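Here is the structure we will look at.
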Number of protein chains: 2
Amino acid sequence: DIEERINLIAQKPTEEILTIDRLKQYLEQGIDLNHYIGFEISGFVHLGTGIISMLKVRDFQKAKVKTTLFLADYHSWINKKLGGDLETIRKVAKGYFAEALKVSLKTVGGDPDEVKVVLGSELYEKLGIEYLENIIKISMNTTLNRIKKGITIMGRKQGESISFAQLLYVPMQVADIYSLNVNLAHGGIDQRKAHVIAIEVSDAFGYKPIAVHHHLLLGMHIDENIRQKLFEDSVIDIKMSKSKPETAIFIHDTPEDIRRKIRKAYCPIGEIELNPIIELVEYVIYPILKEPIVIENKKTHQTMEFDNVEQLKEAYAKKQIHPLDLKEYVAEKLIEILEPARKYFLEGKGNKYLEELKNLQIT
Amino acid sequence: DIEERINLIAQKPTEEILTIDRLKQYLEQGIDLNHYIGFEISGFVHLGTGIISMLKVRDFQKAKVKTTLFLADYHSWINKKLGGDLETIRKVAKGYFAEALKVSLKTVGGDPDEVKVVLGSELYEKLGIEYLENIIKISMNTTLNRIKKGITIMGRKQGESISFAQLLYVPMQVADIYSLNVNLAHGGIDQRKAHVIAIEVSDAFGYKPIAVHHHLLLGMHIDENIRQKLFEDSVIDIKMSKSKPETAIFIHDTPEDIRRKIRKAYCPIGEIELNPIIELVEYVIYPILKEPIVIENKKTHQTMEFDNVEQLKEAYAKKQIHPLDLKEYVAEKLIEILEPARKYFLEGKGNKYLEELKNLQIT
């Protein structure tokens, strides 16, 4: 069973695990894996922040680990998110953002009742001094350059204007992992540097936490020629974010919005290296539902069935699949998947949080 | 009476007050002045750390302000003081260091029962979240360069090896002032930068704290030619410290030790600009007891009476006072002043803390 668990933790949404041997030792000795993932409360919940993260949380639940959803309200308050008002960030956390992550977990096929939602302020108040001690013990075993290099954890460049709270962010995040006795730290690949610092200070806590980083799902508009020829990739990268609404596919977007956003997305004829459409197939659609991928051509009336995403990338490199039919298949699949979440947020209980907590606070 | 209070807060041990107008506005409106002074628990208590600081605490008590002695155990634990063990630093604080500052306050002529001794850990545990919030609010309104320049608060150079906890020291000290609602921040002139940062973040706390900095009492051995020709003064300065025992006059030193340390001290013939002996007269002896300064020459059998330290510096510039007679007068005066403290620490209750808490912990 052990290998099935590792495969289950190191599945397709996973991009990198540090380290697979440490995870093997942690299962050989019967050790119990605690997991959380940090979420800055910023903007609506889209596919990259919600679906793929919950795809991993569910994959962790099947692997019989403990899962936890962490709402870092202080980390968002440092980055001046949602107007910089702490009370505003706290409601979206306790209200809109938590219910958004739980319905996304149920949508991808997880149990929202089995995971634990922990707010940052309540955790720091519960521990009290132990949190500040962990911060100092981390800061005593790390350098300023390492913290000044781990700015990409929050999605900010090294050249952008700074504040000492943004530097304090990094030991605070490392303190979050140690405070919750988390053995399996999880997040995006942009959250790698802070997790590496956590392993570097395991001497002051008694255990090395294993870091798992999923694939940062890539936005629809990479039509801008940010050609990457080689810090360089970390700064100039662009992904599905919240300042850019038209390139973002939120879990509560109208089917018309999903169609018009998928349609205007970047999709070359045979290119696969940076296609935002096949990435939705590889990291969102197929991981949610593993049934064979069927696209329906127009010019030829035959359907086109592939057992797995590798055969799709084969056929797309051979220019056998027209981009409009792949786009129309992705849009329809995303509509059928998100429709439960859309009903909650637009037609059911979720409307109170989405309509007011997020929009009303916006000036 | 107002001017008598300002004179009483801005007396000879005071080197600089920021700002005298702000202190005048704070007394014109009847505002109440809260005071603390931070103490890293490091080494024995000598004249610079104990006597002159308590001379100001007593001067503050006469000015009818509230006084508080703060034992920054986390700040010493960051600087790896006393072996870096938190529990060891906590006992000297609760035991040796607190009783040392209180008997020094009673020696200079203050009330040890009127001041409040506050430990850092107990304060941070009492406030809990409010302390961490204040730290973030300070760090959000300050830059990294300002914190990277305020390293001299703990007595460390910019070029020396660093740790992120030493940088976090500075917003923590600013958070100490705001957490205790301190309107009159007090310390050495080396503690000026952190107090300036506190005024710079008064926007996030609702009041500008007034900073008072006393004269850093200067060590016996400045015979080394650290000639200062112009950061430069802050790095290369040398003062009465605890790594250098022979240049330090502790409050519990044997009269033989005080004599042999005063005797080998630096004392030019007519120079006054850097004489460690006249500084003991100007900032220690005369402020404690304001009776006319009487030195007794040997070659001429006449005594030499001066109303105040300015006339001493006049006569010393005229080479009318031989350095051995000034040294023998300073040594005898320091012996008669510290003898109450010596009895407590060497012959009375203080021996248990001094003999064991400090020496036993040393390996």
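How things are named: the first chain in the structure tokens is A, the next is B, and so on; residues count from 1 in each chain; ligands count from 1 in the order shown.
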
inquiry  = Can you work out which residues from chain A touch chain B at a cut-off of 8 Å (counting only C-alpha atoms) and hand them back as JSON, numbers by chain?
reply    = {"A": [78, 121, 124, 125, 128, 129, 132, 136, 137, 139, 140, 141, 142, 143, 144, 162, 163, 164, 165, 166, 168]}

Generate the output file for the selected residues, N, CA and C atoms, as an mmCIF file, in the first residue's frame.
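Writing done, so here's again35.cif:
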data_model
loop_
_atom_site.group_PDB
_atom_site.id
_atom_site.type_symbol
_atom_site.label_atom_id
_atom_site.label_comp_id
_atom_site.auth_asym_id
_atom_site.auth_seq_id
_atom_site.Cartn_x
_atom_site.Cartn_y
_atom_site.Cartn_z
ATOM 1 N N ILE A 78 -0.467 42.073 5.748
ATOM 2 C CA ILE A 78 0.850 42.631 5.459
ATOM 3 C C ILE A 78 0.918 43.104 4.012
ATOM 4 N N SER A 121 -5.202 34.326 13.100
ATOM 5 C CA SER A 121 -5.270 35.066 14.357
ATOM 6 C C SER A 121 -5.651 34.157 15.519
ATOM 7 N N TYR A 124 -2.580 32.010 16.464
ATOM 8 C CA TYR A 124 -1.543 32.745 17.179
ATOM 9 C C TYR A 124 -1.998 33.128 18.582
ATOM 10 N N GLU A 125 -3.298 33.372 18.767
ATOM 11 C CA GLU A 125 -3.811 33.678 20.100
ATOM 12 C C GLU A 125 -3.827 32.435 20.981
ATOM 13 N N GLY A 128 -0.018 31.761 21.586
ATOM 14 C CA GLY A 128 0.503 32.894 22.319
ATOM 15 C C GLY A 128 2.002 33.063 22.187
ATOM 16 N N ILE A 129 2.740 32.625 23.207
ATOM 17 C CA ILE A 129 4.181 32.853 23.244
ATOM 18 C C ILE A 129 4.916 31.864 22.348
ATOM 19 N N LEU A 132 5.638 33.254 18.915
ATOM 20 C CA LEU A 132 6.727 34.223 18.868
ATOM 21 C C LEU A 132 8.078 33.561 19.105
ATOM 22 N N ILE A 136 11.363 33.531 16.470
ATOM 23 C CA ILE A 136 12.723 33.924 16.817
ATOM 24 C C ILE A 136 13.693 32.778 16.565
ATOM 25 N N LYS A 137 13.267 31.540 16.839
ATOM 26 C CA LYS A 137 14.159 30.408 16.618
ATOM 27 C C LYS A 137 14.445 30.219 15.132
ATOM 28 N N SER A 139 14.302 32.843 12.892
ATOM 29 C CA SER A 139 15.094 34.011 12.523
ATOM 30 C C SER A 139 16.527 33.932 13.033
ATOM 31 N N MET A 140 16.775 33.170 14.099
ATOM 32 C CA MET A 140 18.133 33.001 14.602
ATOM 33 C C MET A 140 18.959 32.045 13.754
ATOM 34 N N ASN A 141 18.314 31.171 12.982
ATOM 35 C CA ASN A 141 19.009 30.181 12.170
ATOM 36 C C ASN A 141 18.926 30.481 10.679
ATOM 37 N N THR A 142 18.458 31.669 10.301
ATOM 38 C CA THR A 142 18.395 32.074 8.906
ATOM 39 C C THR A 142 19.095 33.415 8.736
ATOM 40 N N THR A 143 19.485 33.698 7.499
ATOM 41 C CA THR A 143 20.160 34.939 7.150
ATOM 42 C C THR A 143 19.174 35.922 6.529
ATOM 43 N N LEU A 144 19.609 37.179 6.426
ATOM 44 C CA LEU A 144 18.774 38.195 5.793
ATOM 45 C C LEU A 144 18.679 37.983 4.289
ATOM 46 N N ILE A 162 9.474 47.727 -0.685
ATOM 47 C CA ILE A 162 9.412 46.693 0.340
ATOM 48 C C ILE A 162 8.819 47.247 1.627
ATOM 49 N N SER A 163 8.671 46.372 2.620
ATOM 50 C CA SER A 163 8.431 46.757 4.002
ATOM 51 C C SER A 163 8.943 45.624 4.875
ATOM 52 N N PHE A 164 9.361 45.963 6.097
ATOM 53 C CA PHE A 164 9.934 44.944 6.967
ATOM 54 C C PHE A 164 8.926 43.863 7.332
ATOM 55 N N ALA A 165 7.627 44.155 7.233
ATOM 56 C CA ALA A 165 6.622 43.133 7.499
ATOM 57 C C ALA A 165 6.624 42.064 6.414
ATOM 58 N N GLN A 166 6.876 42.459 5.164
ATOM 59 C CA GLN A 166 6.964 41.482 4.086
ATOM 60 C C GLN A 166 8.167 40.566 4.257
ATOM 61 N N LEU A 168 9.337 39.858 7.349
ATOM 62 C CA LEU A 168 8.892 39.068 8.492
ATOM 63 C C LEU A 168 7.862 38.019 8.093
#

Enumerate, as a tab-separated table (two decimals) with N, CA and C atoms, in the first residue's frame, the complete set of residues in segment 106-343 of chain B that a backbone-based DSSP assignment places in strand (DSSP E).
chain	number	residue	atom	x	y	z
B	116	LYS	N	8.43	49.68	38.74
B	116	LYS	CA	7.85	48.40	38.38
B	116	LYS	C	8.83	47.60	37.54
B	117	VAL	N	9.06	46.35	37.93
B	117	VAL	CA	9.92	45.43	37.19
B	117	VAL	C	9.04	44.55	36.32
B	118	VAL	N	9.24	44.63	35.00
B	118	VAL	CA	8.43	43.90	34.03
B	118	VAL	C	9.35	43.02	33.20
B	119	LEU	N	9.08	41.72	33.20
B	119	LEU	CA	9.82	40.79	32.36
B	119	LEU	C	9.23	40.77	30.96
B	184	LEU	N	7.63	58.27	27.73
B	184	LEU	CA	9.01	58.72	27.93
B	184	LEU	C	9.94	57.52	27.79
B	185	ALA	N	10.38	57.25	26.57
B	185	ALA	CA	11.32	56.17	26.32
B	185	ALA	C	12.72	56.60	26.74
B	186	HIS	N	13.40	55.74	27.51
B	186	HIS	CA	14.68	56.09	28.10
B	186	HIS	C	15.70	54.99	27.84
B	187	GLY	N	16.94	55.40	27.65
B	187	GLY	CA	18.02	54.46	27.44
B	187	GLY	C	19.32	55.21	27.20
B	188	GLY	N	20.30	54.49	26.67
B	188	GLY	CA	21.55	55.13	26.29
B	188	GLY	C	21.43	55.86	24.97
B	210	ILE	N	8.23	60.50	23.72
B	210	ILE	CA	9.39	61.36	23.89
B	210	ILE	C	10.58	60.51	24.34
B	211	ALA	N	11.69	60.64	23.63
B	211	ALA	CA	12.88	59.84	23.88
B	211	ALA	C	13.89	60.64	24.69
B	212	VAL	N	14.41	60.03	25.75
B	212	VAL	CA	15.47	60.60	26.57
B	212	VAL	C	16.64	59.63	26.59
B	213	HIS	N	17.83	60.13	26.28
B	213	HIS	CA	19.03	59.32	26.19
B	213	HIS	C	20.10	59.90	27.11
B	214	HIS	N	20.64	59.07	27.99
B	214	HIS	CA	21.67	59.50	28.92
B	214	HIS	C	23.05	59.29	28.30
B	293	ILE	N	32.90	69.67	45.36
B	293	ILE	CA	33.93	68.67	45.07
B	293	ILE	C	35.24	69.12	45.69
B	294	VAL	N	35.78	68.30	46.60
B	294	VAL	CA	36.97	68.64	47.36
B	294	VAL	C	38.05	67.60	47.06
B	295	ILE	N	39.15	68.05	46.47
B	295	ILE	CA	40.32	67.22	46.22
B	295	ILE	C	41.46	67.73	47.10
B	296	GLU	N	42.29	66.82	47.60
B	296	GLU	CA	43.34	67.15	48.56
B	296	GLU	C	44.70	66.86	47.94
B	303	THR	N	43.53	72.06	50.45
B	303	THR	CA	42.47	71.32	49.73
B	303	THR	C	42.01	72.17	48.55
B	304	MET	N	41.16	71.65	47.66
B	304	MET	CA	40.82	72.39	46.45
B	304	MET	C	39.33	72.21	46.20
B	305	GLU	N	38.55	73.23	46.53
B	305	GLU	CA	37.10	73.10	46.56
B	305	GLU	C	36.49	73.77	45.34
B	306	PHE	N	35.61	73.05	44.66
B	306	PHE	CA	34.90	73.55	43.49
B	306	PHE	C	33.40	73.38	43.70

inquiry  = Show me, as a PyMOL selection string, the residues that have an atom within 12 Å of segment 226-238 of chain A when counting only C-alpha atoms, minus same-chain residues fewer than 2 positions from it.
reply    = chain A and resi 149-160+189-193+216-224+240-244+247-248+273-274+276

Mind writing the picked residues with N, CA, C and O atoms as a tab-separated table (two decimals), in the first residue's frame?
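Output (selection.tsv):
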chain	number	residue	atom	x	y	z
A	149	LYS	N	15.57	36.84	-0.42
A	149	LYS	CA	15.37	36.11	-1.66
A	149	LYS	C	14.02	35.40	-1.71
A	149	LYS	O	13.52	35.14	-2.81
A	150	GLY	N	13.43	35.09	-0.56
A	150	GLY	CA	12.15	34.41	-0.52
A	150	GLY	C	10.97	35.37	-0.54
A	150	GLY	O	10.01	35.18	0.20
A	151	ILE	N	11.04	36.39	-1.39
A	151	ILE	CA	9.92	37.31	-1.53
A	151	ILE	C	8.86	36.73	-2.47
A	151	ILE	O	7.68	37.07	-2.37
A	152	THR	N	9.26	35.85	-3.39
A	152	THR	CA	8.33	35.26	-4.35
A	152	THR	C	7.28	34.38	-3.69
A	152	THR	O	6.37	33.91	-4.39
A	153	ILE	N	7.36	34.15	-2.38
A	153	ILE	CA	6.34	33.37	-1.69
A	153	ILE	C	4.99	34.07	-1.76
A	153	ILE	O	3.95	33.43	-1.93
A	154	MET	N	5.00	35.40	-1.65
A	154	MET	CA	3.78	36.20	-1.72
A	154	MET	C	3.51	36.75	-3.11
A	154	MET	O	2.53	37.47	-3.30
A	155	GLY	N	4.35	36.43	-4.09
A	155	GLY	CA	4.15	36.91	-5.44
A	155	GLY	C	4.62	38.33	-5.67
A	155	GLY	O	3.93	39.10	-6.36
A	156	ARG	N	5.77	38.71	-5.12
A	156	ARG	CA	6.31	40.05	-5.28
A	156	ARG	C	7.78	39.95	-5.69
A	156	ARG	O	8.50	39.05	-5.26
A	157	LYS	N	8.20	40.90	-6.52
A	157	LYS	CA	9.56	40.90	-7.04
A	157	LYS	C	10.55	41.40	-6.00
A	157	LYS	O	10.18	42.01	-4.99
A	158	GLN	N	11.83	41.13	-6.26
A	158	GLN	CA	12.88	41.67	-5.40
A	158	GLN	C	13.06	43.17	-5.61
A	158	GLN	O	13.47	43.88	-4.69
A	159	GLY	N	12.77	43.66	-6.82
A	159	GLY	CA	12.95	45.07	-7.11
A	159	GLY	C	11.82	45.96	-6.67
A	159	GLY	O	12.01	47.18	-6.56
A	160	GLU	N	10.64	45.40	-6.40
A	160	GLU	CA	9.51	46.19	-5.96
A	160	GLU	C	9.76	46.76	-4.57
A	160	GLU	O	10.54	46.20	-3.78
A	189	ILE	N	4.36	25.96	-6.31
A	189	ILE	CA	5.80	25.91	-6.53
A	189	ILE	C	6.45	27.25	-6.21
A	189	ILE	O	7.65	27.30	-5.92
A	190	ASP	N	5.68	28.34	-6.23
A	190	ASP	CA	6.19	29.63	-5.78
A	190	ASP	C	6.43	29.65	-4.28
A	190	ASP	O	7.20	30.49	-3.80
A	191	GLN	N	5.78	28.76	-3.53
A	191	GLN	CA	5.98	28.64	-2.09
A	191	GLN	C	7.13	27.70	-1.74
A	191	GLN	O	7.19	27.20	-0.61
A	192	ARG	N	8.05	27.46	-2.67
A	192	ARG	CA	9.12	26.50	-2.44
A	192	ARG	C	10.20	27.06	-1.51
A	192	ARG	O	10.67	26.35	-0.62
A	193	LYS	N	10.58	28.32	-1.71
A	193	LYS	CA	11.71	28.88	-0.96
A	193	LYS	C	11.44	28.88	0.54
A	193	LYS	O	12.31	28.49	1.33
A	216	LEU	N	1.60	25.51	-10.61
A	216	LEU	CA	0.92	26.80	-10.70
A	216	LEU	C	0.16	26.86	-12.02
A	216	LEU	O	0.77	26.92	-13.09
A	217	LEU	N	-1.16	26.84	-11.94
A	217	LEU	CA	-1.96	26.82	-13.16
A	217	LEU	C	-1.85	28.15	-13.88
A	217	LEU	O	-1.91	29.22	-13.27
A	218	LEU	N	-1.68	28.08	-15.20
A	218	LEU	CA	-1.12	29.17	-15.97
A	218	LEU	C	-2.28	29.91	-16.65
A	218	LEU	O	-3.17	29.28	-17.23
A	219	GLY	N	-2.26	31.24	-16.62
A	219	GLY	CA	-3.39	32.05	-17.12
A	219	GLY	C	-3.68	31.97	-18.61
A	219	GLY	O	-2.81	31.54	-19.35
A	220	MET	N	-4.88	32.40	-19.02
A	220	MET	CA	-5.32	32.34	-20.43
A	220	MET	C	-4.52	33.27	-21.34
A	220	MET	O	-4.27	32.90	-22.48
A	221	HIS	N	-4.11	34.44	-20.83
A	221	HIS	CA	-3.43	35.44	-21.70
A	221	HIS	C	-1.92	35.42	-21.53
A	221	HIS	O	-1.40	36.28	-20.79
A	222	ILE	N	-1.23	34.47	-22.16
A	222	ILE	CA	0.26	34.51	-22.18
A	222	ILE	C	0.61	34.85	-23.63
A	222	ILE	O	1.72	34.51	-24.07
A	223	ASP	N	-0.34	35.48	-24.33
A	223	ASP	CA	-0.12	35.91	-25.73
A	223	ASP	C	1.00	36.95	-25.73
A	223	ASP	O	1.75	37.01	-26.72
A	224	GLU	N	1.11	37.73	-24.65
A	224	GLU	CA	2.24	38.69	-24.55
A	224	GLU	C	3.52	37.87	-24.69
A	224	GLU	O	3.60	36.81	-24.05
A	240	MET	N	-2.61	32.71	-13.52
A	240	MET	CA	-4.00	33.09	-13.30
A	240	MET	C	-4.11	33.85	-11.99
A	240	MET	O	-4.03	33.24	-10.92
A	241	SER	N	-4.31	35.15	-12.04
A	241	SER	CA	-4.35	35.92	-10.81
A	241	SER	C	-5.71	36.59	-10.67
A	241	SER	O	-6.67	36.28	-11.39
A	242	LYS	N	-5.79	37.51	-9.72
A	242	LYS	CA	-7.04	38.15	-9.34
A	242	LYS	C	-7.12	39.60	-9.78
A	242	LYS	O	-8.23	40.13	-9.90
A	243	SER	N	-5.99	40.25	-10.03
A	243	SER	CA	-6.00	41.57	-10.65
A	243	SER	C	-6.44	41.50	-12.10
A	243	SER	O	-7.01	42.46	-12.63
A	244	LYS	N	-6.19	40.37	-12.76
A	244	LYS	CA	-6.57	40.14	-14.15
A	244	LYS	C	-7.82	39.27	-14.20
A	244	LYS	O	-7.71	38.04	-14.15
A	247	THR	N	-8.49	36.91	-17.72
A	247	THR	CA	-7.68	35.71	-17.88
A	247	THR	C	-7.94	34.68	-16.79
A	247	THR	O	-7.38	33.58	-16.85
A	248	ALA	N	-8.77	35.01	-15.80
A	248	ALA	CA	-9.03	34.13	-14.68
A	248	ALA	C	-10.40	33.48	-14.81
A	248	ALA	O	-11.39	34.14	-15.15
A	273	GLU	N	4.40	23.33	-25.08
A	273	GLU	CA	5.24	23.84	-23.95
A	273	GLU	C	4.53	24.91	-23.13
A	273	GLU	O	4.59	24.82	-21.89
A	274	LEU	N	3.86	25.87	-23.77
A	274	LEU	CA	3.09	26.87	-22.99
A	274	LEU	C	1.68	27.00	-23.57
A	274	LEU	O	1.37	28.07	-24.12
A	276	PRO	N	-2.09	27.19	-22.28
A	276	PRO	CA	-2.98	27.25	-21.12
A	276	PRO	C	-4.18	26.30	-21.22
A	276	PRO	O	-4.77	26.02	-20.20

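Take the candidates A:361, A:19, A:67, A:351 and check each one against residue 54 of chain A using only C-alpha atoms; the shortest distance goes to A:67.
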
Find the residues of segment 10-80 of chain B that sit at most 10 Å from segment 285-288 of chain B; for each, write down the nearest two atoms and how far apart they are in Å, to one decimal. Count only C-alpha atoms. Sort by chain, then by number going up, and give it as CSV.
residue,atom,partner,partner_atom,distance
B:11,CA,B:287,CA,8.6
B:12,CA,B:287,CA,7.1
B:13,CA,B:287,CA,7.3
B:51,CA,B:288,CA,8.9
B:52,CA,B:287,CA,8.8
B:55,CA,B:288,CA,7.2
B:56,CA,B:287,CA,9.7
B:59,CA,B:287,CA,9.9

ask   = Quick one: residues within 7 Å of segment 314-330 of chain A, only C-alpha atoms counted, chain neighbours fewer than 3 positions away excluded, as an MDAnalysis selection string?
value = chainID A and resid 262:263 267 269:272 277 295:297 310:311 333:334

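Within the 10 Å cut-off around residue 358 of chain B, using only C-alpha atoms and omitting residues fewer than 4 positions from it on the same chain, the listed residues are residues 42, 43, 44, 82, 88, 89, 91, 92, 95, 96, 97, 352, 353, 354 and 362 of chain B.
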
Keeping only N, CA and C atoms, write the selected residues to a file as a PDB file, in the first residue's frame.
ATOM      1  N   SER B  42      22.849  40.814  30.526  1.00  0.00           N
ATOM      2  CA  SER B  42      24.177  40.387  30.031  1.00  0.00           C
ATOM      3  C   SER B  42      25.264  40.868  30.983  1.00  0.00           C
ATOM      4  N   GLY B  43      25.885  39.956  31.726  1.00  0.00           N
ATOM      5  CA  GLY B  43      27.001  40.312  32.581  1.00  0.00           C
ATOM      6  C   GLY B  43      26.578  41.029  33.852  1.00  0.00           C
ATOM      7  N   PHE B  44      27.586  41.379  34.647  1.00  0.00           N
ATOM      8  CA  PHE B  44      27.352  42.098  35.888  1.00  0.00           C
ATOM      9  C   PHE B  44      26.851  43.510  35.606  1.00  0.00           C
ATOM     10  N   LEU B  82      24.684  35.092  27.828  1.00  0.00           N
ATOM     11  CA  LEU B  82      24.639  34.156  28.953  1.00  0.00           C
ATOM     12  C   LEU B  82      24.450  32.718  28.469  1.00  0.00           C
ATOM     13  N   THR B  88      18.211  30.385  31.745  1.00  0.00           N
ATOM     14  CA  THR B  88      19.291  31.006  32.509  1.00  0.00           C
ATOM     15  C   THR B  88      19.149  32.523  32.518  1.00  0.00           C
ATOM     16  N   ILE B  89      18.873  33.113  31.354  1.00  0.00           N
ATOM     17  CA  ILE B  89      18.666  34.555  31.274  1.00  0.00           C
ATOM     18  C   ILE B  89      17.474  34.988  32.125  1.00  0.00           C
ATOM     19  N   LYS B  91      16.405  33.845  35.087  1.00  0.00           N
ATOM     20  CA  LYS B  91      16.623  33.808  36.526  1.00  0.00           C
ATOM     21  C   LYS B  91      17.431  35.017  36.981  1.00  0.00           C
ATOM     22  N   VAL B  92      18.544  35.280  36.294  1.00  0.00           N
ATOM     23  CA  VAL B  92      19.313  36.503  36.504  1.00  0.00           C
ATOM     24  C   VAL B  92      18.415  37.730  36.388  1.00  0.00           C
ATOM     25  N   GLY B  95      16.065  37.443  39.308  1.00  0.00           N
ATOM     26  CA  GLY B  95      16.825  37.414  40.541  1.00  0.00           C
ATOM     27  C   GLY B  95      17.931  38.445  40.630  1.00  0.00           C
ATOM     28  N   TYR B  96      19.076  38.156  40.009  1.00  0.00           N
ATOM     29  CA  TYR B  96      20.256  38.994  40.201  1.00  0.00           C
ATOM     30  C   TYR B  96      20.076  40.372  39.572  1.00  0.00           C
ATOM     31  N   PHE B  97      19.645  40.419  38.310  1.00  0.00           N
ATOM     32  CA  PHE B  97      19.647  41.683  37.575  1.00  0.00           C
ATOM     33  C   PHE B  97      18.625  42.665  38.137  1.00  0.00           C
ATOM     34  N   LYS B 352      23.420  35.310  47.325  1.00  0.00           N
ATOM     35  CA  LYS B 352      22.911  34.050  46.727  1.00  0.00           C
ATOM     36  C   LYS B 352      22.779  34.224  45.209  1.00  0.00           C
ATOM     37  N   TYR B 353      22.210  35.347  44.759  1.00  0.00           N
ATOM     38  CA  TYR B 353      22.052  35.595  43.304  1.00  0.00           C
ATOM     39  C   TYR B 353      23.409  35.809  42.630  1.00  0.00           C
ATOM     40  N   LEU B 354      24.260  36.653  43.216  1.00  0.00           N
ATOM     41  CA  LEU B 354      25.548  36.985  42.551  1.00  0.00           C
ATOM     42  C   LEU B 354      26.483  35.776  42.516  1.00  0.00           C
ATOM     43  N   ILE B 362      27.969  30.202  34.463  1.00  0.00           N
ATOM     44  CA  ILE B 362      29.221  30.266  33.658  1.00  0.00           C
ATOM     45  C   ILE B 362      29.963  28.938  33.784  1.00  0.00           C
TER      46      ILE B 362
END

ask   = What residues in segment 115-256 of chain B get the DSSP label helix (DSSP H, G or I)? Please answer as an MDAnalysis selection string.
value = chainID B and resid 120:127 129:140 144:153 164:179 189:200 202:204 232:236 255:256

inquiry  = Residues within 9 Å of residue 62 of chain A, please, as JSON, numbers by chain. Count only C-alpha atoms; anything in the same chain fewer than 4 positions from it doesn't count.
reply    = {"A": [5, 8, 9, 57, 58, 110]}

All residues 6 Å or closer to segment 37-41 of chain B, only C-alpha atoms, same chain fewer than 4 positions away omitted, as a list in words = residues 69, 70, 71, 72, 76, 186 and 187 of chain B

Those same residues, written as a short mmCIF file (atom, residue, chain, number, x, y, z; two decimals), in the first residue's frame with N, CA and C atoms?
data_model
loop_
_atom_site.label_atom_id
_atom_site.label_comp_id
_atom_site.auth_asym_id
_atom_site.auth_seq_id
_atom_site.Cartn_x
_atom_site.Cartn_y
_atom_site.Cartn_z
N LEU B 69 11.19 49.29 35.06
CA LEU B 69 12.41 48.60 34.66
C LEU B 69 12.04 47.36 33.86
N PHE B 70 12.46 47.33 32.60
CA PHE B 70 12.09 46.25 31.68
C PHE B 70 13.27 45.31 31.49
N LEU B 71 13.03 44.02 31.72
CA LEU B 71 14.05 42.98 31.55
C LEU B 71 13.76 42.26 30.24
N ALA B 72 14.47 42.66 29.18
CA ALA B 72 14.27 42.10 27.85
C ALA B 72 15.02 40.78 27.75
N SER B 76 17.97 39.50 24.92
CA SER B 76 19.24 38.89 25.28
C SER B 76 19.38 37.50 24.67
N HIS B 186 13.40 55.74 27.51
CA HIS B 186 14.68 56.09 28.10
C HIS B 186 15.70 54.99 27.84
N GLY B 187 16.94 55.40 27.65
CA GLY B 187 18.02 54.46 27.44
C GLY B 187 19.32 55.21 27.20
#
